[PDB]
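Shown next, in structure tokens, is the structure this report addresses.
Cβ: placed from backbone, ideal geometry, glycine included. Neighbour counts: every protein chain shown. A short reminder: the numbers here are calculations on the coordinates, not readings from a lab.
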Amino acid sequence: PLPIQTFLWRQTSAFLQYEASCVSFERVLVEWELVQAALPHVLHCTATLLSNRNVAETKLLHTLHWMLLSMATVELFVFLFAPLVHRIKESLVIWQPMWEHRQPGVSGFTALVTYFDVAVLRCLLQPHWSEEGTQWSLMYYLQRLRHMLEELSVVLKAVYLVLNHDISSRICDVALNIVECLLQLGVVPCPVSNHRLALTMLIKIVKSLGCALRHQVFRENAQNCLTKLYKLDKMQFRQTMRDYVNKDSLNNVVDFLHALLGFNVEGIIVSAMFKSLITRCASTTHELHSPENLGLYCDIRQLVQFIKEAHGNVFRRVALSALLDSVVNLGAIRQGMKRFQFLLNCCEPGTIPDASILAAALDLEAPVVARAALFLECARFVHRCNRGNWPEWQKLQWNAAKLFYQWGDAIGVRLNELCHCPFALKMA
């Protein structure tokens, strides 16, 4: 550096005059340490002018090409020029390989400590950057990973840190393919755990492909990847899933579940996650009843019905948690009753406990208090239905009567058989 550096700034203040400055801009460089000091300004000016296009273009292109044929310099180069690749279309050692997402052939940073690769990786961590440059860097790492597998944790971290901001079909394709390739390389072993990161990436990718041909193949491949990841770190899989469900917002969780199912990997996921999903939902009812989220609430209905429809034997285990999860533990029972109350007020009044469960609830080897609470909660539900206020949403009204009568018949039969547990439970 020298006191002359102000001159360079004076040139930049023309681009940030349009014709005149290029003259000295060329001359001073055409006529090495000064050249190193001047390179960043050359980059800024040439990139700005080239992007302002919807003779100076050619002169500055030739200047840059002569300039190219320290880390911050290549960082800046990629940061500004990566999105321009598709726009510099006709006019080569750099541009022709770069259209193909390969290392540009210039010896300054094609060198190995890899310099271009570390530069682009460092740039990809930036939160705000051109979408085109992000696609380009992703395709570049896809190509490089494919080559590496033909014959890295920070790569995963970069993919994760980009994935959260936004996704597009192109992004989901490239991201799934890269993650699959790193799994094949075996970056995950057989703070932040690698397994957690990978699973989060899969979840986020699959969150935006709700299926209620092009999508079908990609979904199949995603499912295959999920199965592959499944065999690795079983307990960690369960734990991280249970963490994520509570972590992310309800909207995200429900959307992801819809995408996965649409209304085994899915069986394990559901049986690991549904308890925590219901537990979180339980202490949210007042907020969720608010009309702005009504539609969201509606969705949950379907979801729960599907879990009951033919999938979840776990549904019984969650609904009856209050007395399967057992001085008495008052808190566990209270949580179980919150879950049961939420489920009972959710769907198909009089469907959730079947007659058989209630009839057998007399002899279950669980704390009497929990059984009595279950009976009283059923009682309160029936009373509310009778008084007029059903769940805030008909043939269902007539349907519920048969379910109630079935409950009554079952309970009466059981009581008769037994008499012909304490008295208080019978009274409940």
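Can you confirm whether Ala310 is buried (at least 17 other Cβ atoms within 10 Å of the Cβ) and either of a type in the set (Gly, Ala, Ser) or out of contact with any helix residue (DSSP H, G or I) (no Cβ under 7 Å at 6 or more places or on another chain) (or both)?
Against the criterion (buried (at least 17 other Cβ atoms within 10 Å of the Cβ) and either of a type in the set (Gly, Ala, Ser) or out of contact with any helix residue (DSSP H, G or I) (no Cβ under 7 Å at 6 or more places or on another chain) (or both)), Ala310 does not qualify.
If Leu209 passes every condition in (1) assigned to a helix (DSSP H, G or I); (2) of a type outside the set (S, T, N, Q); (3) within 23 Å of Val270 (Cβ to Cβ) but one, which one does it miss?
If we test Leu209 against (1) assigned to a helix (DSSP H, G or I); (2) of a type outside the set (S, T, N, Q); (3) within 23 Å of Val270 (Cβ to Cβ), just (1) comes out false.
Has the stretch 67-85 got any residue that is under 39 Å from the mean Cα position of the chain (by Cα) and in a loop (DSSP other than H, G, I, E, B)?
Yes, the stretch 67-85 contains a residue that is under 39 Å from the mean Cα position of the chain (by Cα) and in a loop (DSSP other than H, G, I, E, B).
Among all residue pairs at least 6 apart or on different chains, which show Cβ distances below 6 Å where the first residue, located in the stretch 212-227, is more than 19 Å from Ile171 (Cβ to Cβ) and the second is outside any helix (DSSP H, G or I)?
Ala212/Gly262
Would you mind listing the helices (runs of 4 or more DSSP H) fully within the stretch 255-341 where at least 2 residues are closer than 19 Å to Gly210 by Cβ and not acidic (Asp, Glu)?
Result: 265-282, 294-306.
Answer with yes or no whether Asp325 is more than 24 Å from the chain's Cα centre (by Cα), of a type in the set (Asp, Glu) and farther than 27 Å from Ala401 by Cβ. Steps first, please.
Details: more than 24 Å from the chain's Cα centre (by Cα): yes; of a type in the set (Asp, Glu): yes; farther than 27 Å from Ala401 by Cβ: yes.
Criteria met by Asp325.
Output the residue which, of all residues in the stretch 127-139 that are among the small types (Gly, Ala, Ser) and part of a helix (DSSP H, G or I), is nearest to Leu182 (Cα to Cα). It would help to see each step written out before you state the result.
Within the stretch 127-139, the subset among the small types (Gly, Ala, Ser) is 130, 133, 137.
Going one step further and asking which of them are part of a helix (DSSP H, G or I), we end up with 133, 137.
Details: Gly133: 22, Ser137: 16 Å.
Only one residue fits best here, namely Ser137.
Hey, any hits in the stretch 140-155 for a residue that's over 31 Å from the mean Cα position of the chain (by Cα) and assigned to a helix (DSSP H, G or I)? Lay out the reasoning, then the answer.
Of the stretch 140-155, the ones over 31 Å from the mean Cα position of the chain (by Cα) are 151.
Those still in the list that are assigned to a helix (DSSP H, G or I) too: none.
Checking the stretch 140-155: not a single residue is over 31 Å from the mean Cα position of the chain (by Cα) and assigned to a helix (DSSP H, G or I).
Mind listing just one residue for me: the one in the stretch 354-391 that is more than 19 Å from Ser326 (Cα to Cα) and either polar (S, T, N, Q) or assigned to a loop (DSSP other than H, G, I, E, B) (or both) and, of those, nearest to the chain's Cα centre (by Cα)?
Restricting to residues being more than 19 Å from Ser326 (Cα to Cα) and either polar (S, T, N, Q) or assigned to a loop (DSSP other than H, G, I, E, B) (or both), the top hit is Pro391.
For the stretch 206-217, name all the residues that are surrounded by 14 or more Cβ atoms within 10 Å (Cβ to Cβ) and over 16 Å from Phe256 (Cβ atoms).
Answer for the stretch 206-217, where residues must be surrounded by 14 or more Cβ atoms within 10 Å (Cβ to Cβ) and over 16 Å from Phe256 (Cβ atoms): there is none.
Go through the stretch 25-53 and give me each residue that's outside any helix (DSSP H, G or I), within 15 Å of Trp66 (Cα to Cα) and among the charged types (D, E, K, R).
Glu31
Taking the conditions exactly as written (within 22 Å of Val187 (Cα to Cα), surrounded by 12 or more Cβ atoms within 10 Å (Cβ to Cβ) and charged (D, E, K, R)), does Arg238 satisfy them or not?
Criteria met by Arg238.
Could you give every pair whose Cβ atoms fall below 8 Å, whose first residue belongs to the stretch 163-190 and is over 17 Å from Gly210 (Cβ atoms), and whose second residue is in a helix (DSSP H, G or I) and of a type in the set (S, T, N, Q), counting only separations of at least 6 or pairs across chains?
Short answer, once both residue conditions are applied: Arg170/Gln135; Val174/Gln135; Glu180/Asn221; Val187/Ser153; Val187/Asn194; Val188/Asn194.
Which of the residues belonging to the stretch 392-428 are of a type outside the set (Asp, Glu) and not in a helix (DSSP H, G or I)?
Matches in the stretch 392-428: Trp393, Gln394, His420, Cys421, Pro422, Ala428.
Looking at the stretch 156-193, which of its residues are within 20 Å of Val120 (Cβ to Cβ), outside any helix (DSSP H, G or I) and β-branched (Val, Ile, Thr)?
Within the stretch 156-193, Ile167, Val187 meet the criteria.
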